[PDB]
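Chemist: Structure in structure tokens, see below.
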Amino acid sequence: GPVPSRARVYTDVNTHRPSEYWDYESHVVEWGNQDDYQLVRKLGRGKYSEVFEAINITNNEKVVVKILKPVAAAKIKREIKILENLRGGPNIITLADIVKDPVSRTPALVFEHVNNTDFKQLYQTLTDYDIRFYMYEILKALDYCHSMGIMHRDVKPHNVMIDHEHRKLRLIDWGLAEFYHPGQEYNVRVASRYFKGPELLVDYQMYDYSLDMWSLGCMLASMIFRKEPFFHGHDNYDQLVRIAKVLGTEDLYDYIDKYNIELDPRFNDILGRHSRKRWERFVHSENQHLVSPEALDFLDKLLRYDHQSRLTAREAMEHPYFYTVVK
Ligand SMILES: Nc1ncnc2c1ncn2[C@@H]1O[C@H](COP(=O)(O)OP(=O)(O)OP(=O)(O)O)[C@@H](O)[C@H]1O
Ligand SMILES: N#CCc1n[nH]c2cc(Cl)c(Br)cc12
């Protein structure tokens, strides 16, 4: 069967913490007062929650309330425990309260409000300096949660909020995050299509923090090359084909050979044979202002099939691409 894998960093952080840290089902939720929050307007709804802008009437501060749908309310202790474990960490969204919604009769998570800059505006306006600055800020959040024994598993632009005026970044939506335990087989149905790592796409379950580093690479490639998304799959199968057209099929087959993976036979008729393309293939007049040799080298070290080969968040922070960023 498949060859096992473990992370190369923060491998046993969970074994060395009291069980209460990661045994989220044993956690006793401390409930706040729902009357402290007045709903103002609905911001959105997904298959898992409804999100509202609200006011905390005890301090007249804006907050965001995420009301869990009856379906997603089951794994709520995992999201709660992760948010409480990470609270106060670098660029981690703050969970302000947990209340029982009077209408849905489900848990409602109350978060720090971010006056975030529009995501399309961020995509279209961030300069070369800004991309480096904000990539360094998201790396601080990722290294912190990985060092705390947690994988986010849903890194994408909409989950990395930026309030551009205050040069403030927050990593949000921890509903898919999980505790990393060496040897654990995880569900591959995580992350959003364009940000799924090859490990998910080839159905390799023994993945780790390094999944988040692939997703971060996908964000970086889209930003510097002005291509949204960078790997534009029609579905989860075509997603792997899109990747293979850039990274090549030989390194893909070496990856599945190494891990002794049984690749879905549906790929035999669609992967084809592709060589790796040099990153300069994607440079053009409209993105050259965002591209540098250091950006290409950094990207090259994130977007690797072999999850064990990718830079860790702490190694990424050491890269020359960040030397120009004021620290
Ligand atoms: N802490 C927060 N501060 C301010 N706005 C927030 C906060 N958390 C979430 N939001 C916003 O709430 C809105 C609704 O949330 P939701 O997750 O449904 O949307 P989304 O991010 O556009 O979804 P998707 O994951 O499909 O891209 C979004 O505009 C999101 O940016
Ligand atoms: N794509 C896109 C826009 C965008 N949304 N959120 C971001 C976070 C960072 Cl770190 C960077 Br760089 C860019 C974005």
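Convention: chains lettered A, B, ... in structure tokens order; per-chain residue numbering from 1; ligands numbered from 1 as shown.
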Ligand 2: which residues are within 6 Å, counting only C-alpha atoms and all ligand atoms? Reply as a list in words.
Modeler: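 Checked against 6 Å with only C-alpha atoms and all ligand atoms; the hits are residues 119, 122, 123, 131, 134, 135, 138, 157, 158, 160, 161, 219 and 223 of chain A.
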Chemist: Please find the residues contacting ligand 1 at a distance of at most 6 Å between atoms, with only C-alpha atoms and all ligand atoms counted, and report them as a list in words.
Modeler: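 Those residues are residues 43, 44, 45, 46, 51, 64, 111, 112, 113, 114, 115 and 158 of chain A.
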Chemist: Show me, as a list in words, the residues that have an atom within 12 Å of residue 14 in chain A when counting only C-alpha atoms, minus same-chain residues fewer than 5 positions from it.
Modeler: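 Surrounding residues, per the criterion: residues 19, 20, 21, 22, 23, 85, 146, 147, 148, 149, 150, 178, 179, 180, 181 and 182 of chain A.
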Chemist: Go ahead and save the picked residues with N, CA, C and O atoms, as a compact mmCIF listing (two decimals), in the first residue's frame.
Modeler:
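Writing the result to result-v4.txt gives the following:
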# COMPACT_ATOMS: atom_id res chain seq x y z
N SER A 19 -3.54 16.37 26.89
CA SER A 19 -4.55 15.87 25.92
C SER A 19 -5.63 16.93 25.69
O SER A 19 -6.14 16.99 24.56
N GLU A 20 -5.95 17.74 26.70
CA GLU A 20 -7.00 18.78 26.59
C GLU A 20 -6.69 19.72 25.41
O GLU A 20 -7.64 20.29 24.86
N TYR A 21 -5.41 19.87 25.05
CA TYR A 21 -5.03 20.79 23.95
C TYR A 21 -5.61 20.34 22.61
O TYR A 21 -6.14 21.20 21.89
N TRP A 22 -5.55 19.04 22.30
CA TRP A 22 -5.97 18.55 20.95
C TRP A 22 -7.22 17.67 21.00
O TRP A 22 -7.80 17.44 19.93
N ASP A 23 -7.59 17.16 22.18
CA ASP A 23 -8.81 16.32 22.33
C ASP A 23 -10.00 17.27 22.37
O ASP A 23 -10.59 17.45 23.45
N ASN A 85 -6.88 27.87 21.03
CA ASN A 85 -5.45 27.51 21.08
C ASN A 85 -4.54 28.54 20.42
O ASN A 85 -3.46 28.85 20.95
N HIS A 146 1.30 26.19 12.48
CA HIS A 146 2.03 24.93 12.34
C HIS A 146 2.82 24.60 13.63
O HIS A 146 2.82 23.46 14.06
N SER A 147 3.45 25.62 14.21
CA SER A 147 4.23 25.42 15.45
C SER A 147 3.36 25.05 16.63
O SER A 147 3.87 24.48 17.60
N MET A 148 2.05 25.32 16.50
CA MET A 148 1.04 25.01 17.49
C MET A 148 0.35 23.69 17.14
O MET A 148 -0.69 23.35 17.73
N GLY A 149 0.88 22.96 16.16
CA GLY A 149 0.37 21.65 15.81
C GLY A 149 -0.92 21.62 15.03
O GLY A 149 -1.63 20.63 15.06
N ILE A 150 -1.17 22.69 14.24
CA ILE A 150 -2.41 22.82 13.49
C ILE A 150 -2.11 23.16 12.04
O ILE A 150 -1.24 23.97 11.74
N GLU A 178 -7.20 21.46 11.24
CA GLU A 178 -7.11 20.24 11.98
C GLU A 178 -5.78 20.14 12.70
O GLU A 178 -4.78 20.80 12.36
N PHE A 179 -5.79 19.35 13.77
CA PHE A 179 -4.58 19.04 14.51
C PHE A 179 -3.76 18.01 13.74
O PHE A 179 -4.30 17.02 13.23
N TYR A 180 -2.44 18.27 13.64
CA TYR A 180 -1.53 17.35 12.97
C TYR A 180 -1.02 16.30 13.97
O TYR A 180 -0.41 16.64 15.01
N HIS A 181 -1.24 15.04 13.62
CA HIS A 181 -0.79 13.90 14.43
C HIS A 181 -0.04 12.99 13.47
O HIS A 181 -0.63 12.55 12.53
N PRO A 182 1.26 12.74 13.69
CA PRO A 182 2.01 11.88 12.78
C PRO A 182 1.33 10.53 12.58
O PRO A 182 0.87 9.92 13.50
Chemist: From the set A:48, A:231, A:136, A:282, which residue has the shortest atom-to-atom contact distance to residue 174 in chain A, counting only C-alpha atoms?
Modeler: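 Of A:48, A:231, A:136, A:282, the one nearest residue 174 in chain A, counting only C-alpha atoms, is A:48.
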Chemist: Given the choices A:240, A:296, A:98, A:290, which gets closest to residue 128 in chain A if the distance is worked out from only C-alpha atoms?
Modeler: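 The answer is A:290, which sits nearest to residue 128 in chain A.
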Chemist: Find the spatial neighbours of residue 105 in chain A, counting only C-alpha atoms, within a cut-off of 12 Å - ignore same-chain residues fewer than 2 positions away - and output them as a list in words.
Modeler: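 In the requested form, the answer reads residues 34, 67, 68, 69, 70, 73, 99, 100, 101, 102, 103, 107 and 108 of chain A.
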Chemist: I'd like the interatomic distance between CA of residue 266 in chain A and CA of residue 253 in chain A, to a tenth of an Å.
Modeler: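 Separating CA of residue 266 in chain A from CA of residue 253 in chain A is a distance of 14.9 Å.
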Chemist: Nearest to residue 312 in chain A: which of A:92, A:13, A:211, A:177 is it, counting only C-alpha atoms?
Modeler: A:211
Chemist: Excluding range 184-197 of chain A and any residue of its chain fewer than 6 positions from it, enumerate the residues within 10 Å of it, using only C-alpha atoms, and give them as a PyMOL selection string.
Modeler: chain A and resi 4-6+152-157+176-178+203-208+210-219+228-237+239-240+242-243+303-307
Chemist: So which bits of range 75-213 of chain A end up strand (DSSP E) when you DSSP the backbone, as a list in words?
Modeler: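 The strand (DSSP E) subset of range 75-213 of chain A is residues 95, 96, 97, 98, 99, 100, 107, 108, 109, 110, 111, 112, 150, 151, 160, 161, 162, 163, 168, 169, 170, 171, 178 and 179 of chain A.
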Chemist: Suppose we keep N, CA, C and O atoms; can you now write the selection as a short mmCIF file (atom, residue, chain, number, x, y, z; two decimals), in the first residue's frame?
Modeler:
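Wrote result_20.cif, looks like this:
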data_model
loop_
_atom_site.label_atom_id
_atom_site.label_comp_id
_atom_site.auth_asym_id
_atom_site.auth_seq_id
_atom_site.Cartn_x
_atom_site.Cartn_y
_atom_site.Cartn_z
N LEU A 95 -11.10 35.12 18.11
CA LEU A 95 -12.43 34.68 18.54
C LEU A 95 -12.78 35.46 19.82
O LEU A 95 -12.12 35.34 20.86
N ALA A 96 -13.77 36.33 19.71
CA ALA A 96 -14.19 37.19 20.83
C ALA A 96 -15.21 36.51 21.75
O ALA A 96 -15.19 36.77 22.96
N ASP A 97 -16.07 35.64 21.22
CA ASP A 97 -17.09 35.00 22.03
C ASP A 97 -17.70 33.84 21.29
O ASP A 97 -17.52 33.71 20.07
N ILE A 98 -18.46 33.00 22.01
CA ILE A 98 -19.21 31.88 21.50
C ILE A 98 -20.56 32.02 22.18
O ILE A 98 -20.61 32.11 23.41
N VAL A 99 -21.65 32.10 21.39
CA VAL A 99 -23.00 32.25 21.96
C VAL A 99 -23.93 31.29 21.24
O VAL A 99 -23.60 30.74 20.19
N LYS A 100 -25.09 31.00 21.85
CA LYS A 100 -26.09 30.13 21.24
C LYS A 100 -27.06 31.07 20.53
O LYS A 100 -27.64 31.96 21.18
N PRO A 107 -24.54 26.99 17.60
CA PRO A 107 -23.47 27.87 18.04
C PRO A 107 -23.22 28.99 17.05
O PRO A 107 -23.32 28.81 15.82
N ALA A 108 -22.92 30.16 17.59
CA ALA A 108 -22.56 31.34 16.83
C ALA A 108 -21.20 31.85 17.33
O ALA A 108 -21.04 32.17 18.51
N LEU A 109 -20.19 31.87 16.42
CA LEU A 109 -18.87 32.34 16.79
C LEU A 109 -18.76 33.82 16.50
O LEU A 109 -19.12 34.27 15.41
N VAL A 110 -18.26 34.59 17.46
CA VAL A 110 -18.13 36.02 17.34
C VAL A 110 -16.66 36.35 17.16
O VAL A 110 -15.87 36.02 18.04
N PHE A 111 -16.34 37.06 16.09
CA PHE A 111 -14.96 37.42 15.76
C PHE A 111 -14.73 38.87 15.72
O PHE A 111 -15.61 39.68 15.39
N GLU A 112 -13.46 39.22 15.98
CA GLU A 112 -12.85 40.49 15.71
C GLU A 112 -13.30 40.91 14.30
O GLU A 112 -13.23 40.10 13.37
N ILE A 150 -1.17 22.69 14.24
CA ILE A 150 -2.41 22.82 13.49
C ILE A 150 -2.11 23.16 12.04
O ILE A 150 -1.24 23.97 11.74
N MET A 151 -2.87 22.51 11.16
CA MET A 151 -2.85 22.81 9.72
C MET A 151 -4.13 23.59 9.40
O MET A 151 -5.23 23.17 9.85
N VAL A 160 -7.49 35.17 3.63
CA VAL A 160 -6.34 35.96 4.09
C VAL A 160 -6.75 37.41 3.92
O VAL A 160 -6.56 38.00 2.85
N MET A 161 -7.39 37.97 4.97
CA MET A 161 -7.92 39.32 4.94
C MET A 161 -6.84 40.33 5.12
O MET A 161 -5.94 40.16 5.94
N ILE A 162 -6.95 41.44 4.39
CA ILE A 162 -6.02 42.54 4.53
C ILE A 162 -6.78 43.83 4.68
O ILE A 162 -7.63 44.12 3.83
N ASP A 163 -6.46 44.62 5.73
CA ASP A 163 -6.95 45.97 5.91
C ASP A 163 -5.74 46.79 5.47
O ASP A 163 -4.79 47.00 6.20
N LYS A 168 -2.54 45.60 7.95
CA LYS A 168 -2.96 44.56 8.89
C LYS A 168 -3.50 43.36 8.12
O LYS A 168 -4.38 43.52 7.28
N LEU A 169 -3.01 42.17 8.49
CA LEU A 169 -3.43 40.94 7.85
C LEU A 169 -4.01 40.02 8.89
O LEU A 169 -3.47 39.90 9.98
N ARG A 170 -5.06 39.27 8.51
CA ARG A 170 -5.61 38.23 9.39
C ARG A 170 -5.95 36.99 8.62
O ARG A 170 -6.67 37.05 7.60
N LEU A 171 -5.54 35.84 9.15
CA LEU A 171 -5.91 34.55 8.60
C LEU A 171 -7.21 34.11 9.30
O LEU A 171 -7.27 34.01 10.53
N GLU A 178 -7.20 21.46 11.24
CA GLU A 178 -7.11 20.24 11.98
C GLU A 178 -5.78 20.14 12.70
O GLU A 178 -4.78 20.80 12.36
N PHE A 179 -5.79 19.35 13.77
CA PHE A 179 -4.58 19.04 14.51
C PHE A 179 -3.76 18.01 13.74
O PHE A 179 -4.30 17.02 13.23
#
Chemist: List the spatial neighbours of residue 271 in chain A as JSON, numbers by chain - criterion: any atom at most 8 Å away, only C-alpha atoms, same-chain residues fewer than 2 positions off excluded.
Modeler: {"A": [240, 241, 244, 249, 267, 268, 269, 273]}
Chemist: Using backbone DSSP assignments, extract all helix (DSSP H, G or I) residues from range 66-190 of chain A; output them as an MDAnalysis selection string.
Modeler: chainID A and resid 72:86 119:125 128:147 157:159 164:166
Chemist: Can you write just those residues out, C-alpha atoms, as an mmCIF file, in the first residue's frame?
Modeler:
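The resulting file, again_6.cif, is shown below:
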data_model
loop_
_atom_site.group_PDB
_atom_site.id
_atom_site.type_symbol
_atom_site.label_atom_id
_atom_site.label_comp_id
_atom_site.auth_asym_id
_atom_site.auth_seq_id
_atom_site.Cartn_x
_atom_site.Cartn_y
_atom_site.Cartn_z
ATOM 1 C CA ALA A 72 -21.599 22.105 10.243
ATOM 2 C CA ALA A 73 -22.482 22.438 13.952
ATOM 3 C CA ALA A 74 -21.162 18.835 14.572
ATOM 4 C CA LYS A 75 -17.382 19.636 14.309
ATOM 5 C CA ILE A 76 -17.781 22.996 16.144
ATOM 6 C CA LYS A 77 -15.595 21.944 19.124
ATOM 7 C CA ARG A 78 -12.682 21.420 16.682
ATOM 8 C CA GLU A 79 -12.953 24.970 15.281
ATOM 9 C CA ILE A 80 -13.498 26.402 18.774
ATOM 10 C CA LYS A 81 -10.520 24.595 20.297
ATOM 11 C CA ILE A 82 -8.265 25.580 17.374
ATOM 12 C CA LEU A 83 -9.344 29.232 17.604
ATOM 13 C CA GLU A 84 -8.847 29.304 21.402
ATOM 14 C CA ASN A 85 -5.449 27.510 21.082
ATOM 15 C CA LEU A 86 -4.237 30.058 18.523
ATOM 16 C CA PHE A 119 -10.207 41.233 -2.501
ATOM 17 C CA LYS A 120 -10.394 42.202 -6.196
ATOM 18 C CA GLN A 121 -8.859 45.609 -5.266
ATOM 19 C CA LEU A 122 -6.093 43.753 -3.443
ATOM 20 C CA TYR A 123 -5.477 41.493 -6.429
ATOM 21 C CA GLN A 124 -5.408 44.460 -8.866
ATOM 22 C CA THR A 125 -3.476 47.038 -6.801
ATOM 23 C CA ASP A 128 5.707 44.222 -5.696
ATOM 24 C CA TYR A 129 6.694 45.585 -2.280
ATOM 25 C CA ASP A 130 3.162 44.966 -0.909
ATOM 26 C CA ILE A 131 3.132 41.346 -2.120
ATOM 27 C CA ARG A 132 6.396 40.673 -0.308
ATOM 28 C CA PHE A 133 5.226 42.524 2.811
ATOM 29 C CA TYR A 134 1.902 40.647 3.015
ATOM 30 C CA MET A 135 3.411 37.270 2.097
ATOM 31 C CA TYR A 136 5.736 37.764 5.097
ATOM 32 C CA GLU A 137 2.700 38.541 7.288
ATOM 33 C CA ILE A 138 0.789 35.396 6.194
ATOM 34 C CA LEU A 139 3.944 33.357 6.782
ATOM 35 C CA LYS A 140 4.015 34.591 10.404
ATOM 36 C CA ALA A 141 0.434 33.219 10.861
ATOM 37 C CA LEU A 142 1.228 29.893 9.132
ATOM 38 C CA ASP A 143 4.435 29.282 11.039
ATOM 39 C CA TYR A 144 2.564 30.099 14.248
ATOM 40 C CA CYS A 145 -0.332 27.672 13.626
ATOM 41 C CA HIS A 146 2.031 24.930 12.342
ATOM 42 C CA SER A 147 4.234 25.420 15.454
ATOM 43 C CA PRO A 157 -7.185 34.776 -0.958
ATOM 44 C CA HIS A 158 -10.632 35.068 0.629
ATOM 45 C CA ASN A 159 -9.322 33.546 3.862
ATOM 46 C CA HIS A 164 -4.638 47.815 3.551
ATOM 47 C CA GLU A 165 -4.837 51.231 5.421
ATOM 48 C CA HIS A 166 -3.434 49.747 8.657
#
